[PDB]
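Take a look at the structure set out below.
Chains as they are written, first to last, in this note's numbering: chain P, 1080 to 1308; chain V, 1080 to 1308.
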């Protein structure tokens, strides 16, 4: 479990892995990215982390077919209210280690793109130009590269590269995160899911990326100056 | 608090920061590296992490002037027995969040160089060619670069560079670790502290290193190919 959401002037980038604690001596594959789209009016993306029984129960609550006006993710009047729905659903489930955590972002027509982190307690915060990304799951291995590269001015292409490299480092160093990944790249004001795919162990691009990052890192390392000793 | 110990065919490398929880609204500087040296017979280095009252009480117990034969760190017959002394001291202190943790390494004449990790419970493990380094404190931010570079064949110079880059990434991404650092590089069979120093905010070499790593990493990143779609 590692999920990342990134917010840029140009749009949003989301990525998540699938390796999941599904009970004792059982780690299996479960998708952690969920998309709610009304093409030409809104796109909302939800990433999950923590206890699977809890996340699945939250998702089930948010999809309940006969809810009141403005109380479903598809009909929320703003992303702030959407985040509040996720948080309230989480609290409702907890009143029935079971903790869980989410990242929620997207765009609703006539409002810019926005990005939120929902905490275990069900309160939340919103990304800004100064803190333009969020992470949930096992996050510390992959944070340094995101801190080095991501700014509001970063292009969608580079932010996606940076997310993937972040996953590479995390997967090398911690066995609780693993392929397949989901990747979604959203262009500001499209109001449409533009690019979305699944990246598995055979993906040619992700293989090329890892191999060239590895070769280029080693060259950067080898050209660092020697101590005076 | 971040400390690292590394073991190579050529010798050993130790590094530690100084930013420490010293009570409520008080984070201050305390050195975390302690050296026991009998020049020409042995060198032993101890790195500390966790609760400061606990680590200081462990150190105080290990230095108690009138202990029995082979029961002080300077008179232990092997590094395995030395590690056992640290662990037993830790348990004695805990019978009087107060957890603590240590890295212990060095060389005793007629024995190769060795490196140990002492856990909070006071048991321990020893580094091998396949797992040639240990970390304590906030460790995840810095692990990926150590995993990429360190092998038994790595030179002392490169291992020290790798440790320093590991600290750089950690300090950029987490405010609980901070300068000044301590660095010690030990040559196999010298039985002497060869190189040891303190690295502060102004250190030219550490500045050089951060700046060249940063430039080289960005150029490796920028030459990666863009996602295809």
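All C-beta atoms, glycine included, are put in the ideal place defined by N, C-alpha and C.
Assumed close pair residue 1085 of chain P, residue 1212 of chain P - CB separation to whole angstroms, cut-off 8 angstroms = Sure, about 4 angstroms apart at Cβ, within 8 angstroms.
message = Taking only three categories from DSSP, how would you classify residue 1265 of chain P?
response = Reduced to three states, the DSSP call for residue 1265 of chain P is strand.
Interface residues of chain V facing residue 1216 of chain P [CB-CB closer than 9 angstroms] = Listed along the chain, the chain V residues whose CB falls inside 9 angstroms of the CB of residue 1216 of chain P amount to none; the nearest CB is some 12 angstroms away.
ask   = Are the C-beta atoms of residue 1255 of chain V and some chain P residue less than 8 angstroms apart?
value = When Cβ-Cβ separations below 8 angstroms define contact, residue 1255 of chain V makes no contact with chain P.
ask   = Going by Cα to Cα distance, which pick from V/1274, V/1124, V/1110 is closest to residue 1116 of chain V?
value = Ranking the options by Cα distance to residue 1116 of chain V, first place goes to V/1124.
message = Which complete alpha helix (DSSP H) runs does the region 1128–1208 of chain P hold, if anything under 4 residues is left out?
response = Correct list: 1131–1141, 1158–1173.
request  = Give every residue of the same chain whose Cβ lies closer than 6 angstroms to the Cβ of residue 1081 of chain V, excluding the five residues on either side of it in the sequence, and list them in chain order.
outcome  = Taken in chain order, the residues that qualify are 1096, 1216, 1217, 1249, 1256.
request  = Provide the residue span of the alpha helix (DSSP H) that contains residue 1295 of chain V, from first to last.
outcome  = Run containing residue 1295 of chain V: 1283–1301, per the alpha helix (DSSP H) assignment.
inquiry  = Taking the alpha carbon of residue 1270 of chain P as the reference point, which residue from P/1307, P/1190, P/1083 has its own alpha carbon closest?
reply    = Its Cα nearest to that of residue 1270 of chain P, the residue P/1190 stands out among P/1307, P/1190, P/1083.
message = Using a Cβ-Cβ distance cut-off of 8 angstroms, determine whether residue 1167 of chain V contacts chain P.
response = For residue 1167 of chain V, not one C-beta of chain P is nearer than 8 angstroms to its own C-beta.
ask   = Should residue 1291 of chain V be flagged as near chain P, meaning a C-beta pair shorter than 8 angstroms?
value = Yes, residue 1291 of chain V counts as interfacial toward chain P.
task = Tell me, please, which residues DSSP counts as bridged to residue 1100 of chain V.
result = Per the DSSP secondary-structure output, residue 1100 of chain V pairs in a beta bridge with V/1106.
query = Using a Cβ cut-off of 9 angstroms, which residues of the region 1257–1272 of chain V contact any Cβ in chain P, in chain order?
reply = Hits within the stretch, in order: 1264.
query = Nearest CA to the CA of residue 1094 of chain V: which residue from V/1174, V/1136, V/1263, V/1140?
reply = Closest by alpha carbon: V/1263.
key: Span separating the alpha-carbon of residue 1153 of chain P from that of residue 1114 of chain P   = Rounded to the nearest angstrom, the two C-alpha atoms are 10 angstroms apart.
ask   = In chain V, what lies closer than 7 angstroms to residue 1251 of chain P by C-beta?
value = Chain V residues near residue 1251 of chain P: 1223, 1226.
task = Check residue 1271 of chain V in the structure and name its three-state DSSP category.
result = Under the three-state reduction of DSSP output, residue 1271 of chain V falls in the coil class, being neither helix nor strand.
Alpha carbon of residue 1300 of chain V to alpha carbon of residue 1135 of chain V, nearest angstrom = Going by the C-alpha atoms only, they are around 44 angstroms apart.
ask   = Taking Cβ to Cβ, would you say residue 1122 of chain P is nearer than 8 angstroms to residue 1186 of chain P?
value = In contact: residue 1122 of chain P and residue 1186 of chain P (Cβ atoms closer than 8 angstroms).
message = Here's the rule I'm using: 16 or more other beta-carbon atoms within 10 Å means buried, otherwise exposed. How should residue 1133 of chain P be labelled?
response = The residue is buried, with at least 16 neighbouring Cβ atoms inside 10 Å.
request  = Would you please verify whether the beta carbon of residue 1287 of chain V is less than 8 angstroms from any beta carbon of chain P?
outcome  = At least one chain P Cβ lies under 8 angstroms of residue 1287 of chain V.
Of the listed residues V/1148, V/1172, V/1201, V/1304, nearest to residue 1182 of chain V (C-alpha basis) = Comparing Cα positions, the closest option is V/1201.
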